[PDB]
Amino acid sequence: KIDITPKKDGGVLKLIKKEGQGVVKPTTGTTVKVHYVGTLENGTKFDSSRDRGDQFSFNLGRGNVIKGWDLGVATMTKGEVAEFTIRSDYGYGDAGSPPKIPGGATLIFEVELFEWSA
């Protein structure tokens, strides 16, 4: 796993499962479309766009998703599949997010970036 935080503070680690195409990545102001599955360290699944059967779209770099996501997706290329290990300070913090996410929980997300546009 590679630490992708600005100062490498250990808050967001990334492991590429499948390399994407090229080197171009989505930037702030773009709308990305992805599929994802989120689980706790013990495997407990708390969210998934795949189970809903609908790709998830959001505007990158505007704080519309947890900090670990704005950081992680910005490092992905088209078609890439990556696993992010997100410490709570880049996730839901000390309060957590009921009903399944306790405070201080490290989140594991597997994300597949399909495309993006302005």
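Numbering starts at 1 and runs along the sequence shown.
- The mean Cα B-factor in the deposited entry runs higher for 51-59 than for the other of 51-59 and 66-74.
- Here the stretch with the larger average CA B-factor, out of 84-92 and 29-37, is 29-37.
- Per the PDB record, residue ranking by Cα B-factor puts residue 97 in the middle third of the chain.
- In the deposited entry, the Cα temperature factor of residue 10 places it in the middle third of its chain's modelled residues.
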